[PDB]
Amino acid sequence: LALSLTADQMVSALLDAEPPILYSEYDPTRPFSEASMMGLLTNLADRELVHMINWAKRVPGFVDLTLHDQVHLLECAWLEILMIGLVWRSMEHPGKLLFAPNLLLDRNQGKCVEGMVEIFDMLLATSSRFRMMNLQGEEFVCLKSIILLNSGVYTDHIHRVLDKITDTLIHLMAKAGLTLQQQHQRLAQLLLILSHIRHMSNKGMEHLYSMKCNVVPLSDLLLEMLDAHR
Amino acid sequence: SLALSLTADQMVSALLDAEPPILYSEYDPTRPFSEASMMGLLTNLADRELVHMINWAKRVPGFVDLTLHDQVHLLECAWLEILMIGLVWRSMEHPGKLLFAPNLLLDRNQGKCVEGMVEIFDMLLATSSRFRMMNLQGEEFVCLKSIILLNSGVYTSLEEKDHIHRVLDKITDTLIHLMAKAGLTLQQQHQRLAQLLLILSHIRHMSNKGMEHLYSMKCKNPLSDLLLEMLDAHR
Amino acid sequence: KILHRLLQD
Amino acid sequence: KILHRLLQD
Ligand SMILES: CCC(=C(c1ccc(O)cc1)c1ccc(O)cc1)c1cccc(Nc2ccccc2)c1
Ligand SMILES: CCC(=C(c1ccc(O)cc1)c1ccc(O)cc1)c1cccc(Nc2ccccc2)c1
């Protein structure tokens, strides 16, 4: 059903499935301690997960998978998906991370949690990278969908859907008036950033099950998604 | 510089010319396989491979134009990724097996012997299968390997940021040039290009997972000096 | 797991 | 640092 969709239809379907931007708890009480900061982020991420799971079901070709495959992909990609969203939100705020409209953080506030600042820098670098090449929203939703389907596929139909989003990405660039060379160059630039998003996810994940070893209580769901990475 | 001047066929030639040899292991098939010994074998192999990779990176266009500090940073970040894609490339025509060396060819069964390796094993195996169905060409492989070297550490005043991207762009042009020569249509060239680059996200993943226990394996167990320094760079 | 429920819901 | 040296010498 996803294969029969057109590129303009693909974009519209993805843009319409976009999860909302949630707000942090309105304490706010500043500066933070490492416990309070991790609390706000954990609480936020847990609420984002519920919206992500529903955003995923509305990704073309995702409901066509077995319930096993849907679970595996989400378990593999959830932090990547959270991060690219964070990065996307933070584009218009150079040097800042926009976790929530009422929660904007700079690098220095990253030092609150025992680095953290290392991941902050990687996230800030990714956001600036997007800002530099003027990443469009239609491009963003395609990238986030690619992350969902690709990140756990090496662990047919999925690669078929993946090719479609590639077709969609090219379409957007041909629309913007880019030359054939500029299209595959920009496409390459976008996809290579995914390797860095993966890296940030792995580094972030590694610290998440080292926080569990009891700074902030994690939700049962956030623990499940965390256990899926051993 | 100089790397901006090369044509597609020129960089293919230069990259193919720079290819490191496939090293042998000290594997004695007249012995069983313990976890400690096998890991010692792969460690010894990786250490000797590192020396060839360092001198290979120098022959990668644009890499010598970067500062010594940045060259170090790129290699520290991508060395295991480069070892892994090379391993996966060697194992393309060996279904269900990984060819660490011509005298060392192991399947998933003998991969269990190391605790917490079978998962990587399956990931590397799936990657090799992925390359197999794509019928990945050697010309495309050396391009991907150069990309990993230049891309992996680039996100971690400095003109230099952009020069690397300019090289990456030229490498993209080369892959497209190769696919067009293969007769593929434009839609096919774009899809295949995407397919190859998405694999690099998995190679990154395998590297992180692999790196993760190398510095847990460091506690206890048998690592060389250069390997310890490059392992230090990650945690 | 919890993830199963949220997917079917 | 060995890597730095080999990248030189
Ligand atoms: C900034 C990304 C954030 C996640 C996030 C949250 C909300 C978003 O919209 C996007 C990303 C995150 C934070 C807490 C969670 O429980 C889950 C994810 C995150 C992810 C992993 C780790 C950390 N903190 C950390 C890092 C290193 C050492 C010690 C601690 C932070
Ligand atoms: C199979 C890849 C191999 C490496 C390799 C070697 C040669 C190549 O050409 C390519 C990859 C590798 C093994 C040991 C090293 O010190 C470095 C790399 C490697 C790398 C990292 C981890 C593991 N297994 C492991 C170790 C400890 C605990 C749990 C799992 C294996």
# chains A, B, ... in the order shown; residues from 1 in each chain; ligands from 1
$ residues_around --residues "residue 7 (chain C)" --least-positions-apart "5" --cutoff "9 Å" --atoms "only C-alpha atoms" --output "list in words"
residues 53, 54, 56, 57, 67, 70 and 71 of chain A; 2 of chain C
$ residues_near_ligand --ligand "ligand 1" --cutoff "9 Å" --atoms "only C-alpha atoms and all ligand atoms" --output "JSON list (two decimals) with N, CA, C and O atoms, in the first residue's frame"
[["chain", "number", "residue", "atom", "x", "y", "z"],
["A", 21, "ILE", "N", 5.02, 18.82, 19.51],
["A", 21, "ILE", "CA", 6.10, 19.23, 20.40],
["A", 21, "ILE", "C", 5.55, 19.37, 21.81],
["A", 21, "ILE", "O", 4.70, 20.22, 22.08],
["A", 22, "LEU", "N", 6.04, 18.53, 22.72],
["A", 22, "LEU", "CA", 5.55, 18.51, 24.09],
["A", 22, "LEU", "C", 6.31, 19.50, 24.96],
["A", 22, "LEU", "O", 7.41, 19.93, 24.62],
["A", 34, "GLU", "N", 22.04, 17.29, 38.59],
["A", 34, "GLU", "CA", 22.06, 16.21, 37.61],
["A", 34, "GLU", "C", 20.82, 15.32, 37.73],
["A", 34, "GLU", "O", 20.40, 14.70, 36.76],
["A", 37, "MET", "N", 17.70, 17.49, 36.26],
["A", 37, "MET", "CA", 17.84, 17.57, 34.81],
["A", 37, "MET", "C", 17.48, 16.25, 34.14],
["A", 37, "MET", "O", 16.73, 16.23, 33.17],
["A", 38, "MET", "N", 18.02, 15.16, 34.67],
["A", 38, "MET", "CA", 17.71, 13.83, 34.14],
["A", 38, "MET", "C", 16.24, 13.50, 34.34],
["A", 38, "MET", "O", 15.65, 12.77, 33.54],
["A", 39, "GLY", "N", 15.64, 14.04, 35.40],
["A", 39, "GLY", "CA", 14.23, 13.85, 35.66],
["A", 39, "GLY", "C", 13.37, 14.48, 34.58],
["A", 39, "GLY", "O", 12.47, 13.84, 34.04],
["A", 40, "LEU", "N", 13.65, 15.74, 34.27],
["A", 40, "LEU", "CA", 12.90, 16.47, 33.25],
["A", 40, "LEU", "C", 13.02, 15.81, 31.88],
["A", 40, "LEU", "O", 12.05, 15.73, 31.13],
["A", 41, "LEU", "N", 14.22, 15.33, 31.57],
["A", 41, "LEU", "CA", 14.48, 14.70, 30.28],
["A", 41, "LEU", "C", 13.83, 13.32, 30.19],
["A", 41, "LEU", "O", 13.27, 12.96, 29.15],
["A", 42, "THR", "N", 13.91, 12.55, 31.27],
["A", 42, "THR", "CA", 13.32, 11.22, 31.31],
["A", 42, "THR", "C", 11.79, 11.30, 31.22],
["A", 42, "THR", "O", 11.17, 10.54, 30.48],
["A", 43, "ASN", "N", 11.21, 12.23, 31.96],
["A", 43, "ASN", "CA", 9.77, 12.45, 31.93],
["A", 43, "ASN", "C", 9.30, 12.89, 30.54],
["A", 43, "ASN", "O", 8.27, 12.43, 30.05],
["A", 44, "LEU", "N", 10.07, 13.77, 29.92],
["A", 44, "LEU", "CA", 9.76, 14.26, 28.58],
["A", 44, "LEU", "C", 9.86, 13.15, 27.55],
["A", 44, "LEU", "O", 8.95, 12.96, 26.74],
["A", 45, "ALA", "N", 10.96, 12.41, 27.58],
["A", 45, "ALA", "CA", 11.21, 11.35, 26.62],
["A", 45, "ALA", "C", 10.17, 10.24, 26.70],
["A", 45, "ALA", "O", 9.77, 9.68, 25.68],
["A", 46, "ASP", "N", 9.72, 9.94, 27.91],
["A", 46, "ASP", "CA", 8.72, 8.90, 28.12],
["A", 46, "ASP", "C", 7.38, 9.28, 27.50],
["A", 46, "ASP", "O", 6.67, 8.42, 26.97],
["A", 48, "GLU", "N", 7.13, 11.41, 24.96],
["A", 48, "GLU", "CA", 7.39, 11.47, 23.53],
["A", 48, "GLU", "C", 7.29, 10.09, 22.89],
["A", 48, "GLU", "O", 6.86, 9.95, 21.75],
["A", 78, "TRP", "N", 14.47, 4.19, 18.59],
["A", 78, "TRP", "CA", 13.75, 5.19, 19.41],
["A", 78, "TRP", "C", 14.60, 6.38, 19.85],
["A", 78, "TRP", "O", 14.15, 7.52, 19.78],
["A", 79, "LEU", "N", 15.82, 6.13, 20.31],
["A", 79, "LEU", "CA", 16.68, 7.22, 20.76],
["A", 79, "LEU", "C", 17.19, 8.04, 19.57],
["A", 79, "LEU", "O", 17.34, 9.26, 19.68],
["A", 80, "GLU", "N", 17.46, 7.37, 18.46],
["A", 80, "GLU", "CA", 17.84, 8.06, 17.23],
["A", 80, "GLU", "C", 16.73, 9.00, 16.80],
["A", 80, "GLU", "O", 16.98, 10.15, 16.42],
["A", 81, "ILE", "N", 15.50, 8.50, 16.86],
["A", 81, "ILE", "CA", 14.33, 9.28, 16.48],
["A", 81, "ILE", "C", 14.10, 10.45, 17.43],
["A", 81, "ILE", "O", 13.74, 11.55, 17.00],
["A", 82, "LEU", "N", 14.32, 10.22, 18.72],
["A", 82, "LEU", "CA", 14.21, 11.29, 19.71],
["A", 82, "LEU", "C", 15.26, 12.37, 19.47],
["A", 82, "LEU", "O", 14.96, 13.56, 19.53],
["A", 83, "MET", "N", 16.49, 11.94, 19.19],
["A", 83, "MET", "CA", 17.60, 12.87, 18.99],
["A", 83, "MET", "C", 17.46, 13.72, 17.74],
["A", 83, "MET", "O", 17.70, 14.93, 17.79],
["A", 84, "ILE", "N", 17.09, 13.11, 16.62],
["A", 84, "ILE", "CA", 16.94, 13.86, 15.37],
["A", 84, "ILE", "C", 15.79, 14.86, 15.48],
["A", 84, "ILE", "O", 15.81, 15.91, 14.83],
["A", 85, "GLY", "N", 14.81, 14.55, 16.31],
["A", 85, "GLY", "CA", 13.72, 15.47, 16.58],
["A", 85, "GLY", "C", 14.23, 16.65, 17.39],
["A", 85, "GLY", "O", 13.96, 17.80, 17.07],
["A", 86, "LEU", "N", 14.99, 16.35, 18.44],
["A", 86, "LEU", "CA", 15.62, 17.37, 19.27],
["A", 86, "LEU", "C", 16.51, 18.28, 18.44],
["A", 86, "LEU", "O", 16.45, 19.50, 18.55],
["A", 87, "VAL", "N", 17.33, 17.66, 17.60],
["A", 87, "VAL", "CA", 18.21, 18.39, 16.69],
["A", 87, "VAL", "C", 17.41, 19.27, 15.74],
["A", 87, "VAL", "O", 17.76, 20.43, 15.52],
["A", 97, "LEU", "N", 19.99, 23.69, 22.80],
["A", 97, "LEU", "CA", 19.19, 22.50, 22.57],
["A", 97, "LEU", "C", 17.76, 22.70, 23.06],
["A", 97, "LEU", "O", 17.53, 22.91, 24.25],
["A", 98, "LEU", "N", 16.81, 22.64, 22.14],
["A", 98, "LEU", "CA", 15.41, 22.87, 22.45],
["A", 98, "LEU", "C", 14.69, 21.56, 22.75],
["A", 98, "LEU", "O", 14.02, 21.00, 21.88],
["A", 99, "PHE", "N", 14.84, 21.07, 23.98],
["A", 99, "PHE", "CA", 14.17, 19.85, 24.40],
["A", 99, "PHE", "C", 12.66, 20.06, 24.43],
["A", 99, "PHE", "O", 11.89, 19.18, 24.05],
["A", 100, "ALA", "N", 12.26, 21.24, 24.88],
["A", 100, "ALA", "CA", 10.86, 21.63, 24.92],
["A", 100, "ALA", "C", 10.82, 23.15, 24.84],
["A", 100, "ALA", "O", 11.78, 23.81, 25.22],
["A", 110, "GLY", "N", 24.80, 21.56, 30.04],
["A", 110, "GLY", "CA", 25.06, 20.15, 29.81],
["A", 110, "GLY", "C", 26.03, 19.59, 30.83],
["A", 110, "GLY", "O", 26.03, 18.39, 31.11],
["A", 113, "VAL", "N", 24.93, 17.34, 34.25],
["A", 113, "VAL", "CA", 25.01, 15.89, 34.33],
["A", 113, "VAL", "C", 26.38, 15.47, 33.83],
["A", 113, "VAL", "O", 26.91, 16.06, 32.89],
["A", 114, "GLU", "N", 26.98, 14.46, 34.46],
["A", 114, "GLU", "CA", 28.34, 14.07, 34.12],
["A", 114, "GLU", "C", 28.48, 13.64, 32.65],
["A", 114, "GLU", "O", 28.59, 12.46, 32.34],
["A", 115, "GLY", "N", 28.47, 14.65, 31.78],
["A", 115, "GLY", "CA", 28.72, 14.50, 30.35],
["A", 115, "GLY", "C", 28.03, 13.36, 29.64],
["A", 115, "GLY", "O", 28.55, 12.25, 29.68],
["A", 116, "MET", "N", 26.91, 13.58, 28.96],
["A", 116, "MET", "CA", 26.12, 14.81, 28.80],
["A", 116, "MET", "C", 26.71, 15.94, 27.93],
["A", 116, "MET", "O", 26.23, 16.17, 26.83],
["A", 117, "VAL", "N", 27.73, 16.65, 28.42],
["A", 117, "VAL", "CA", 28.32, 17.74, 27.63],
["A", 117, "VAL", "C", 28.93, 17.20, 26.33],
["A", 117, "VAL", "O", 28.94, 17.89, 25.31],
["A", 118, "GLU", "N", 29.40, 15.96, 26.37],
["A", 118, "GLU", "CA", 29.96, 15.31, 25.20],
["A", 118, "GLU", "C", 28.87, 15.05, 24.17],
["A", 118, "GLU", "O", 29.06, 15.27, 22.98],
["A", 119, "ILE", "N", 27.72, 14.58, 24.65],
["A", 119, "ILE", "CA", 26.58, 14.32, 23.77],
["A", 119, "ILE", "C", 25.94, 15.63, 23.33],
["A", 119, "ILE", "O", 25.50, 15.76, 22.18],
["A", 120, "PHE", "N", 25.92, 16.61, 24.23],
["A", 120, "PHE", "CA", 25.44, 17.95, 23.91],
["A", 120, "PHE", "C", 26.18, 18.51, 22.70],
["A", 120, "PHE", "O", 25.56, 18.99, 21.75],
["A", 123, "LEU", "N", 25.26, 16.79, 19.57],
["A", 123, "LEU", "CA", 23.91, 17.20, 19.19],
["A", 123, "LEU", "C", 23.90, 18.62, 18.62],
["A", 123, "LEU", "O", 23.23, 18.89, 17.63],
["A", 200, "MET", "N", 25.60, 8.97, 18.18],
["A", 200, "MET", "CA", 25.10, 9.68, 19.34],
["A", 200, "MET", "C", 24.12, 8.82, 20.13],
["A", 200, "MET", "O", 24.09, 8.87, 21.36],
["A", 201, "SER", "N", 23.33, 8.04, 19.42],
["A", 201, "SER", "CA", 22.36, 7.15, 20.05],
["A", 201, "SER", "C", 23.06, 6.07, 20.87],
["A", 201, "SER", "O", 22.70, 5.82, 22.02],
["A", 202, "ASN", "N", 24.06, 5.44, 20.27],
["A", 202, "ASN", "CA", 24.83, 4.41, 20.95],
["A", 202, "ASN", "C", 25.55, 4.94, 22.18],
["A", 202, "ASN", "O", 25.59, 4.29, 23.23],
["A", 203, "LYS", "N", 26.13, 6.14, 22.06],
["A", 203, "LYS", "CA", 26.81, 6.77, 23.18],
["A", 203, "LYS", "C", 25.82, 7.19, 24.26],
["A", 203, "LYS", "O", 26.10, 7.07, 25.45],
["A", 204, "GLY", "N", 24.66, 7.67, 23.83],
["A", 204, "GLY", "CA", 23.61, 8.05, 24.75],
["A", 204, "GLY", "C", 23.03, 6.84, 25.46],
["A", 204, "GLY", "O", 22.77, 6.88, 26.66],
["A", 205, "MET", "N", 22.82, 5.77, 24.70],
["A", 205, "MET", "CA", 22.25, 4.54, 25.23],
["A", 205, "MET", "C", 23.17, 3.92, 26.28],
["A", 205, "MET", "O", 22.70, 3.45, 27.32],
["A", 206, "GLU", "N", 24.47, 3.94, 26.00],
["A", 206, "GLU", "CA", 25.47, 3.36, 26.89],
["A", 206, "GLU", "C", 25.42, 4.00, 28.27],
["A", 206, "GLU", "O", 25.65, 3.34, 29.29],
["A", 207, "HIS", "N", 25.12, 5.29, 28.31],
["A", 207, "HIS", "CA", 25.04, 6.02, 29.56],
["A", 207, "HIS", "C", 23.68, 5.86, 30.23],
["A", 207, "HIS", "O", 23.55, 6.04, 31.44],
["A", 208, "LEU", "N", 22.66, 5.53, 29.44],
["A", 208, "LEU", "CA", 21.32, 5.35, 29.97],
["A", 208, "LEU", "C", 21.21, 4.12, 30.87],
["A", 208, "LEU", "O", 20.60, 4.18, 31.93],
["A", 210, "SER", "N", 23.65, 3.05, 32.48],
["A", 210, "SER", "CA", 24.68, 3.28, 33.50],
["A", 210, "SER", "C", 24.10, 4.30, 34.49],
["A", 210, "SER", "O", 24.62, 4.48, 35.60],
["A", 211, "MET", "N", 23.03, 4.96, 34.07],
["A", 211, "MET", "CA", 22.21, 5.77, 34.96],
["A", 211, "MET", "C", 21.29, 4.85, 35.74],
["A", 211, "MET", "O", 20.98, 5.10, 36.91],
["A", 216, "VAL", "N", 17.87, 8.74, 38.54],
["A", 216, "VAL", "CA", 16.44, 9.05, 38.46],
["A", 216, "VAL", "C", 15.67, 7.76, 38.18],
["A", 216, "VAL", "O", 16.16, 6.88, 37.47],
["A", 218, "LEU", "N", 13.42, 5.50, 36.21],
["A", 218, "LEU", "CA", 12.97, 5.46, 34.83],
["A", 218, "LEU", "C", 11.59, 4.83, 34.76],
["A", 218, "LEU", "O", 11.22, 4.02, 35.61],
["A", 219, "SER", "N", 10.82, 5.20, 33.74],
["A", 219, "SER", "CA", 9.51, 4.60, 33.54],
["A", 219, "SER", "C", 9.67, 3.17, 33.04],
["A", 219, "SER", "O", 10.71, 2.82, 32.49],
["A", 222, "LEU", "N", 10.35, 3.20, 29.30],
["A", 222, "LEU", "CA", 11.68, 3.69, 28.98],
["A", 222, "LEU", "C", 12.73, 2.65, 29.38],
["A", 222, "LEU", "O", 13.81, 2.58, 28.79],
["A", 223, "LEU", "N", 12.38, 1.82, 30.37],
["A", 223, "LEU", "CA", 13.25, 0.73, 30.78],
["A", 223, "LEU", "C", 13.20, -0.42, 29.78],
["A", 223, "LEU", "O", 14.23, -1.05, 29.50],
["A", 226, "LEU", "N", 15.12, 0.41, 26.83],
["A", 226, "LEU", "CA", 16.52, 0.45, 27.21],
["A", 226, "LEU", "C", 17.10, -0.96, 27.34],
["A", 226, "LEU", "O", 18.26, -1.20, 26.99]]
$ select_by_dssp --residues "region 59-203 of chain A" --states "strand (DSSP E or B)" --output "number ranges by chain"
A: 96-100, 103-106
$ write_last_selection --atoms "N, CA, C and O atoms" --output "compact mmCIF listing (two decimals), in the first residue's frame"
# COMPACT_ATOMS: atom_id res chain seq x y z
N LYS A 96 22.13 26.11 21.19
CA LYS A 96 21.12 25.75 22.17
C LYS A 96 20.42 24.45 21.80
O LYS A 96 20.26 24.14 20.62
N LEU A 97 19.99 23.69 22.80
CA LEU A 97 19.19 22.50 22.57
C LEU A 97 17.76 22.70 23.06
O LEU A 97 17.53 22.91 24.25
N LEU A 98 16.81 22.64 22.14
CA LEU A 98 15.41 22.87 22.45
C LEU A 98 14.69 21.56 22.75
O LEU A 98 14.02 21.00 21.88
N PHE A 99 14.84 21.07 23.98
CA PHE A 99 14.17 19.85 24.40
C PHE A 99 12.66 20.06 24.43
O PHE A 99 11.89 19.18 24.05
N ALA A 100 12.26 21.24 24.88
CA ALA A 100 10.86 21.63 24.92
C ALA A 100 10.82 23.15 24.84
O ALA A 100 11.78 23.81 25.22
N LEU A 103 11.98 24.66 27.73
CA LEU A 103 13.21 24.03 28.21
C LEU A 103 14.32 24.13 27.17
O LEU A 103 14.57 23.19 26.41
N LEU A 104 14.98 25.28 27.13
CA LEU A 104 16.07 25.53 26.18
C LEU A 104 17.41 25.55 26.91
O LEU A 104 17.61 26.34 27.84
N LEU A 105 18.33 24.69 26.48
CA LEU A 105 19.60 24.50 27.19
C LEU A 105 20.81 24.77 26.31
O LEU A 105 20.83 24.41 25.13
N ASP A 106 21.83 25.41 26.88
CA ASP A 106 23.10 25.58 26.18
C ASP A 106 24.11 24.51 26.61
O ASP A 106 23.81 23.68 27.46
$ residues_around --residues "residue 6 (chain B)" --least-positions-apart "6" --cutoff "12 Å" --atoms "only C-alpha atoms" --output "list in words"
residues 12, 13, 14, 15, 60, 61, 62, 167, 170, 171, 173 and 174 of chain B
$ residues_around --residues "residue 146 (chain B)" --least-positions-apart "3" --cutoff "12 Å" --atoms "only C-alpha atoms" --output "compact mmCIF listing (two decimals) with N, CA and C atoms, in the first residue's frame"
# COMPACT_ATOMS: atom_id res chain seq x y z
N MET B 11 40.39 9.09 -9.07
CA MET B 11 40.28 8.76 -7.65
C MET B 11 40.05 7.27 -7.44
N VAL B 12 39.28 6.66 -8.33
CA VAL B 12 39.09 5.21 -8.31
C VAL B 12 40.45 4.54 -8.42
N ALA B 14 43.43 5.88 -7.87
CA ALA B 14 44.22 6.21 -6.70
C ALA B 14 43.81 5.40 -5.48
N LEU B 15 42.50 5.24 -5.28
CA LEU B 15 41.99 4.46 -4.16
C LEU B 15 42.34 2.98 -4.30
N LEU B 16 42.15 2.44 -5.50
CA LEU B 16 42.49 1.04 -5.76
C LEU B 16 43.99 0.80 -5.59
N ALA B 18 45.83 2.33 -3.50
CA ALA B 18 46.18 2.52 -2.10
C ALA B 18 45.74 1.35 -1.22
N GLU B 19 45.00 0.41 -1.80
CA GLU B 19 44.46 -0.72 -1.05
C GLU B 19 45.52 -1.49 -0.27
N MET B 53 46.61 0.41 7.74
CA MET B 53 45.51 1.36 7.61
C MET B 53 46.00 2.80 7.74
N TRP B 56 47.63 3.68 4.69
CA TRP B 56 46.63 3.71 3.63
C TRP B 56 45.87 5.03 3.65
N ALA B 57 45.57 5.51 4.85
CA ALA B 57 44.85 6.76 5.03
C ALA B 57 45.62 7.93 4.43
N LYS B 58 46.95 7.85 4.50
CA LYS B 58 47.81 8.87 3.92
C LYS B 58 47.63 8.94 2.41
N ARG B 59 47.31 7.81 1.80
CA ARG B 59 47.15 7.75 0.35
C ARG B 59 45.71 8.06 -0.08
N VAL B 60 44.85 8.33 0.89
CA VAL B 60 43.49 8.77 0.61
C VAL B 60 43.50 10.27 0.31
N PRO B 61 43.02 10.65 -0.89
CA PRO B 61 43.03 12.04 -1.37
C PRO B 61 42.42 13.03 -0.39
N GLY B 62 43.20 14.05 -0.02
CA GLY B 62 42.73 15.10 0.86
C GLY B 62 43.09 14.89 2.32
N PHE B 63 43.43 13.65 2.67
CA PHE B 63 43.71 13.30 4.06
C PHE B 63 45.01 13.93 4.56
N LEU B 74 40.41 11.50 13.04
CA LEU B 74 39.63 10.72 12.09
C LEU B 74 39.91 9.23 12.21
N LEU B 75 41.18 8.88 12.38
CA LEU B 75 41.58 7.48 12.52
C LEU B 75 41.14 6.88 13.85
N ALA B 78 37.37 6.08 13.43
CA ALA B 78 36.87 5.20 12.38
C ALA B 78 37.64 3.90 12.18
N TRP B 79 38.68 3.67 12.97
CA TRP B 79 39.57 2.52 12.75
C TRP B 79 38.85 1.17 12.78
N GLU B 81 35.61 0.74 12.40
CA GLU B 81 34.67 0.79 11.28
C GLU B 81 35.36 0.34 10.00
N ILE B 82 36.58 0.81 9.80
CA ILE B 82 37.36 0.49 8.61
C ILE B 82 37.79 -0.97 8.61
N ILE B 85 34.39 -3.03 7.78
CA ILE B 85 33.92 -3.03 6.40
C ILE B 85 34.89 -3.81 5.50
N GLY B 86 36.16 -3.82 5.88
CA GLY B 86 37.16 -4.60 5.17
C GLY B 86 36.91 -6.08 5.40
N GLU B 139 35.33 -1.17 -6.75
CA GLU B 139 35.43 0.27 -6.97
C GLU B 139 34.51 1.03 -6.01
N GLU B 140 33.36 0.45 -5.72
CA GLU B 140 32.40 1.05 -4.80
C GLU B 140 32.85 0.88 -3.36
N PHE B 141 33.45 -0.27 -3.07
CA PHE B 141 33.93 -0.58 -1.72
C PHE B 141 34.98 0.41 -1.23
N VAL B 142 35.99 0.66 -2.06
CA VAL B 142 37.08 1.56 -1.69
C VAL B 142 36.59 3.00 -1.51
N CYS B 143 35.50 3.35 -2.21
CA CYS B 143 34.88 4.65 -2.03
C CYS B 143 34.21 4.74 -0.67
N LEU B 149 36.31 6.96 6.64
CA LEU B 149 37.49 7.62 7.19
C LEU B 149 37.27 9.12 7.37
N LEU B 150 36.68 9.76 6.37
CA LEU B 150 36.52 11.21 6.36
C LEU B 150 35.24 11.67 7.06
N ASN B 151 34.21 10.83 7.05
CA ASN B 151 32.91 11.22 7.59
C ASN B 151 32.73 10.95 9.08
N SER B 152 33.26 9.83 9.55
CA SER B 152 32.98 9.36 10.90
C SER B 152 33.41 10.32 12.02
N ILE B 164 36.93 18.78 3.91
CA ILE B 164 36.58 17.37 4.02
C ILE B 164 35.25 17.09 3.32
N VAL B 167 35.73 16.95 -0.35
CA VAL B 167 36.25 15.66 -0.76
C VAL B 167 35.13 14.63 -0.79
N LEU B 168 34.31 14.63 0.26
CA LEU B 168 33.16 13.73 0.35
C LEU B 168 32.22 13.89 -0.84
N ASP B 169 31.97 15.14 -1.23
CA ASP B 169 31.15 15.44 -2.40
C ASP B 169 31.76 14.81 -3.65
N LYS B 170 33.07 14.95 -3.80
CA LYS B 170 33.78 14.40 -4.94
C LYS B 170 33.71 12.87 -4.94
N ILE B 171 33.69 12.28 -3.76
CA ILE B 171 33.58 10.83 -3.63
C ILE B 171 32.17 10.36 -3.99
N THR B 172 31.18 11.19 -3.67
CA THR B 172 29.80 10.92 -4.06
C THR B 172 29.68 10.93 -5.58
N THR B 174 31.90 10.26 -7.64
CA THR B 174 32.60 9.08 -8.15
C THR B 174 31.71 7.84 -8.12
N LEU B 175 31.01 7.64 -7.01
CA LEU B 175 30.09 6.51 -6.88
C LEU B 175 29.00 6.58 -7.95
N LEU B 200 26.38 2.21 6.11
CA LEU B 200 27.40 2.84 6.94
C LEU B 200 26.88 3.19 8.33
$ closest_residue --among "A:63, A:91, A:213, A:143" --to "residue 8 (chain C)" --atoms "only C-alpha atoms"
A:63
$ residues_near_ligand --ligand "ligand 2" --cutoff "7 Å" --atoms "only C-alpha atoms and all ligand atoms" --output "ChimeraX atom specification"
/B:39,42-43,45-46,49,80,83-84,86-87,100,114-117,120-121,210-211,213-214,217,223,227
$ write_last_selection --atoms "C-alpha atoms" --output "compact mmCIF listing (two decimals), in the first residue's frame"
# COMPACT_ATOMS: atom_id res chain seq x y z
CA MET B 39 40.32 -12.83 20.73
CA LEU B 42 41.92 -11.13 16.17
CA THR B 43 43.71 -8.57 18.35
CA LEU B 45 45.60 -9.30 13.38
CA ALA B 46 43.93 -5.94 14.01
CA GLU B 49 46.23 -4.19 10.16
CA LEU B 80 37.24 -0.28 13.88
CA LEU B 83 38.51 -2.89 9.93
CA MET B 84 34.89 -4.09 9.93
CA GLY B 86 37.16 -4.60 5.17
CA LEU B 87 36.25 -7.80 7.01
CA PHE B 100 39.23 -12.52 9.10
CA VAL B 114 33.63 -15.56 22.66
CA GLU B 115 30.99 -14.40 25.14
CA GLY B 116 29.01 -11.53 23.63
CA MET B 117 30.36 -11.87 20.06
CA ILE B 120 28.25 -8.82 16.30
CA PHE B 121 28.89 -11.92 14.28
CA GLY B 210 32.41 -3.84 19.19
CA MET B 211 34.31 -0.96 20.76
CA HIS B 213 33.34 -4.53 25.08
CA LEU B 214 36.88 -4.10 23.76
CA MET B 217 37.68 -6.87 27.65
CA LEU B 223 46.02 -5.77 23.86
CA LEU B 227 45.34 -0.78 19.93
$ select_by_dssp --residues "region 27-217 of chain A" --states "helix (DSSP H, G or I)" --output "PyMOL selection string"
chain A and resi 34-57+67-89+107-110+117-132+137-150+157-175+180-211
$ residues_around --residues "residue 171 (chain A)" --least-positions-apart "5" --cutoff "9 Å" --atoms "only C-alpha atoms" --output "number ranges by chain"
A: 7-8, 166, 176
